[PDB]
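1. Can you look at this? It's an experimental structure, sequence on top.
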There are 2 protein chains.
Amino acid sequence: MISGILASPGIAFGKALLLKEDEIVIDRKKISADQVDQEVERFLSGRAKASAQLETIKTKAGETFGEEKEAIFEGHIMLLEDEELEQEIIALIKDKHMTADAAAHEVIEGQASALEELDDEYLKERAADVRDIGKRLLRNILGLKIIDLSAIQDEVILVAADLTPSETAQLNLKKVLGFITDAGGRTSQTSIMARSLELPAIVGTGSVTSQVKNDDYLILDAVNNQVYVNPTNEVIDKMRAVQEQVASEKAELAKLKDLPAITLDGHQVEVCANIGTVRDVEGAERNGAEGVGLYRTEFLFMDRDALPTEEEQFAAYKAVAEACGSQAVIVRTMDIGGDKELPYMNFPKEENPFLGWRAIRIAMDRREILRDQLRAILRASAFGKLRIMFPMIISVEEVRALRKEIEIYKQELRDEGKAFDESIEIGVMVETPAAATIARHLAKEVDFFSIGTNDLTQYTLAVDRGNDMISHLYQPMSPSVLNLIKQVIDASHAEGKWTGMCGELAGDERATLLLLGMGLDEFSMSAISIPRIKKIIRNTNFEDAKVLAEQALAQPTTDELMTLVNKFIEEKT
Amino acid sequence: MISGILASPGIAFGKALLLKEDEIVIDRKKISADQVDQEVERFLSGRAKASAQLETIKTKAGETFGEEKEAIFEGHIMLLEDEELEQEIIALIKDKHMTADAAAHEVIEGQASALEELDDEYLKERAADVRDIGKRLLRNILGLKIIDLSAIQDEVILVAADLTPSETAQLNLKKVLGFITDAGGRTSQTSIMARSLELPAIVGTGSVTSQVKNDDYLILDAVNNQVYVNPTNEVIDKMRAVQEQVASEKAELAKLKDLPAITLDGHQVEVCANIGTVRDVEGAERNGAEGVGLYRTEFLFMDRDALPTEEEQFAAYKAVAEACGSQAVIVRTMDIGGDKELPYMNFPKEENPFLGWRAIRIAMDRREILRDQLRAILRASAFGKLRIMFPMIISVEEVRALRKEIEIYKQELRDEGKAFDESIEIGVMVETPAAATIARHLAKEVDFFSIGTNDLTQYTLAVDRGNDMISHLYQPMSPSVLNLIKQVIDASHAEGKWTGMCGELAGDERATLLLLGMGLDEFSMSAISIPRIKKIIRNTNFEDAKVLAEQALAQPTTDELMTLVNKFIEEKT
């Protein structure tokens, strides 16, 4: 009668793998001065190994799982090589004459210990990944046998007292038919993977590993929450039928699913990822993005040491369009020239880059840039739903000149026997107070708007997004920016178009009810913000938010508008 | 029976002064190479004199007339020392082997000749002042006797074929009872002075100087347009009575006057000067300013090599308040930090000064600055009508924090037995799209607004006022900026306050009908623009302008809005 917390429902049959380790012994014996130089070298020599061995694990994650898991190792490796650790680890040994395994443990444990003080389950899990890096470092200095979970040649079930984030990367998902551990619970990194991977697994067994030996045959019910050890065929049978039900359940659920970001009372909005690079599509899918709301094409340009030609752009766009499957990508034409220069362009310096020769102002002074790019986007639209959107729009003049441009580039494509989506929709960033002001006029001329509040805030308040000295004045949650937001949304709706938002406000927990109440159609953010905002959306009543929004829009003061938001959150969920 | 054009009506009795000169002879004899080095030295040696002699005339103008006439000489002297003249004068002598008096004449004549090609009477007169500088230079190289009009010990009438701007400066106004010349007409610089000086004078005599000898006694009717030469007492009498009528005319007119900038149909606005320094009050009075609409106090701060203390500021403000007589000055608190740094502050660099730590953002981070200044303004208000206005306002928060500040500084003054105008009105620059957006809210909190369109344009369009590369996008005459202007004016009026404008649009001939139609209460500009705009205002019908304004505000395009303005100007005056 053994029961755990069951993190993923399902059924499985296979052999049991047991991870046996040698308790990490730490010597608290003080070292002499002559041993100070030797201990540092041992740390560097031991650190020298993990450096190369950690790199080997990274390459396996990229080929095995992809770039989504490959970069996590770079962060762990980059954090390990942090110059702060080198000076802090060496200082304690040199200053306190402590051992490298005891001194190094304090440094990584010290930071992770600070993270645990946090009162958040999400921050605590990351502290688990950081703790794992130091835990293996001690083995690396001592030189402990590395079982390595990658050396699995046969399908088996994975059983362990607890797994550290480092093992999950170099873990064979195809050869592991499930995961069973006695860790704490869902707050365990590996436990979250079972949920997302959708594979049967337990994490609160409590003491199954002490009852299982390697090569043991076990059947996981993950339905009755029971484990059969060397059971006859009468149980191997029941289970097999339990597994049938499980499979039928999928088959039935497989029909319809649910509705996207929808308030309690039925109001739907889109919620999408802003991206920079195909590589960001992974995070977007991971975080439940319903499409891409802003594809900052600059970022692709800073992903290279030369200006990407029509063809390179096309390919890059095609990949994205395809890595997005059915989903729509809003490809913004290039926005170089505020805090985002590309050095390879060698553009001249400006007194105020953010009020300078930025984005569209360049592509219009150098048509080859605008042309290659729009050409490339159009052509890529033959391969997935793309939209075109323009940055730094300031006038109706600009929009007409660029549409006219599109139309020219469209014909050329037609003439060169090159498909493009003839349906392709065109919109504009509203991220200038100009644009916001003439929103009505612009709304006749485009299919949609996305409000860039980073910029809009910047120009409306004349506060440089980069300038920490006045950051306290950078308030996208001003009665001034909100009003301009409303005015834009309304413009959209008056023409029967829609406004999205890719500025950081979309992703800001504190604006979500207002953005919603004000009728924003689409939110686009860092992928990581998608769930927080989705959550807020799913738990609001839309009508209430309207009332909230309206109130907020009448406040002459941020504080006063923050108050409304807060009393709402108090009274309303 | 001699008749001229009569530039100023009046009567006068006195001796006649005759300016006799020796025709300037120019040698067209080519010089040899050995003479090239000698001719340059002669030019430098001759130029060396005029350098010191011109400086002497400047000092007489400052003490005699004031700073208004002292700076005109600096421009003439600064232009003469222009490095372009040194290279061009020397190049022709060295390259064409020409004489210094013949080569130098071509350089000054060449530029003045280009100015005459202009089709404007105002630009042509300035070409007369530049021509005068080169005319005297030829005498300075030759070394011609200088009668000097400053050597007058007895009251006399001034008679000459024509006077060059240079003579008008070193001219004794108190010892000259009038001016008579046979020049071309009002297009003559000296002719304008008779109008502004309000003294009897003729400029189209045609040939009076050839009929008058120095020391001749002449009576100027300037009423019957006749001159009596050595006439009996019967005419010296009639005239004396004519002069009586003239004096009574003044006495009667001396009652009331007229109305300020008023459209044909009775709509009045204020029209004022923006200033930097007491010294600008002169230009303001000169150009018919009805008060000062913006006293950029920064400029006073850049008039010094140290931060001006409370006391220095007070004095500076007091002077202005007093140099303005009955007139109101709108003293703006200090606006340092976009393109206007004061080097002595050694502030650190910013990535976007114009979106940085500017104006009020400083005075609020360093109260001593705000305090000294507001203290000084208040105290100066005990001495003339002053208003306080704040730059770079972005929120209602900012305004309340600063009013609260005023109130504290007010009490301190009360407690130190220091008068200040308890009536003192407080307003804000609306030059941020934030301010423009929350204009309604701000209007409850201040007594007035002045729209800074230089900045407002800048932030609304995100185009740096400094950046020539994108200057073509800097359009204060956008449907976006105009709308925001309207919205501000309306805010004012809704609270029963008023909006003025000190941005350059106020002074822009092309906005005047719109600004007017949109109900702007007050215009403030460079003094030099006051008459052009006054003229436009005085010749419009206000109702028509409203209609114009309204139309313009609906245009989605600048061009389209320029068209309205133009068809107006065509059809309406």
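-> Ah, there it is. Numbering: from 1, shown residues only, chains lettered A, B, ... in the order given.

2. Please identify which helix or strand holds residue A:537.
-> Using DSSP states H and E, residue A:537 sits in helix A:530-538.

3. which outside residues touch that helix?
-> A:261-264, A:269, A:271-273, A:284, A:287-289, A:506-507, A:509, A:512-513, A:516, A:523, A:525 (CB atoms under 8 Å, 6 or more residues apart in numbering or on different chains). C-beta: built from backbone N, CA, C; applies to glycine.

4. at 6 Å instead, please
-> A:261, A:271, A:287, A:288, A:289, A:509, A:512 (CB atoms under 6 Å, 6 or more residues apart in numbering or on different chains).

5. now do stretch A:352-368
-> Residues outside stretch A:352-368 that contact it (CB under 6 Å, 6+ apart): A:335, A:337-338, A:350, A:369-370, A:390-392, B:352, B:354-355, B:462-464, B:467, B:469-470.

6. again, only using 7 Å
-> A:333-339, A:350, A:369-370, A:373, A:390-393, A:398, A:401, A:458, A:464, B:352-355, B:458, B:462-464, B:467, B:469-470, B:473 (CB atoms under 7 Å, 6 or more residues apart in numbering or on different chains).

7. ok, now stretch A:83-98?
-> Against stretch A:83-98 from outside (CB under 7 Å, 6+ apart): A:30, A:31, A:36, A:39, A:40, A:43, A:100, A:103, A:104, A:106, A:107.

8. are any of those buried, and which?
-> A:31, A:39, A:40, A:43, A:100, A:103, A:104, A:106, A:107 (16 or more other CB atoms under 10 Å in any protein chain shown).

9. Would you check that residue A:553 makes contact with residue A:480?
-> No - Residue A:553 lies out of contact with residue A:480 (CB atoms under 7 Å); the separation is 10.8 Å.

10. Not counting residues beside it along the chain, what's closest to residue A:524?
-> residue A:293 (2.3 Å; CB to CB, 6 or more residues apart in numbering or on different chains).

11. isn't the one you found right up against residue A:500?
-> Yes - using CB under 7 Å, residue A:293 is in contact with residue A:500, at 5.4 Å.

12. overlap in contacts of those two?
-> In terms of CB under 7 Å, 6+ apart, residue A:293 and residue A:500 are both contacted by the residues A:450, A:522, A:524.

13. Tell me where the longest helix sits in chain A.
-> helix A:33-64 (DSSP state H).

14. For that one, enumerate the helices and strands it packs against.
-> In terms of contacts (3 or more CB pairs under 7 Å, 6 or more residues apart in numbering or on different chains; DSSP states H and E), helix A:33-64 is packed against helix A:67-80, helix A:83-96, helix A:100-116, helix A:121-142.

15. what secondary structure does the residue of the stretch 201-350 of chain A found nearest chain B sit in?
-> Closest contact between the stretch 201-350 of chain A and chain B, by CB to the nearest CB, is at residue A:350 (6.2 Å). Recorded secondary structure, residue A:350: coil (DSSP: H, G, I helix; E, B strand; the rest coil).

16. With adjacent residues omitted, what lies nearest to it?
-> Distances taken as CB to CB, 6+ apart put residue A:356 closest to residue A:350, at 3.9 Å, once the chain neighbours are dropped.

17. How about the backbone phi and psi for the one you found?
-> Main-chain torsions, residue A:356, degrees, to the nearest 10: phi -120, psi -140.

18. Check the burial of it by counting its neighbours.
-> 23 (other CB atoms under 10 Å in any protein chain shown).

19. what's the spacing between it and residue B:110?
-> Here the criterion is CB to CB, to the nearest Å. By it, residue A:356 lies 38 Å from residue B:110.

20. next one: residue A:380
-> On the measure of CB to CB, residue A:380 and residue B:110 end up 60 Å apart.
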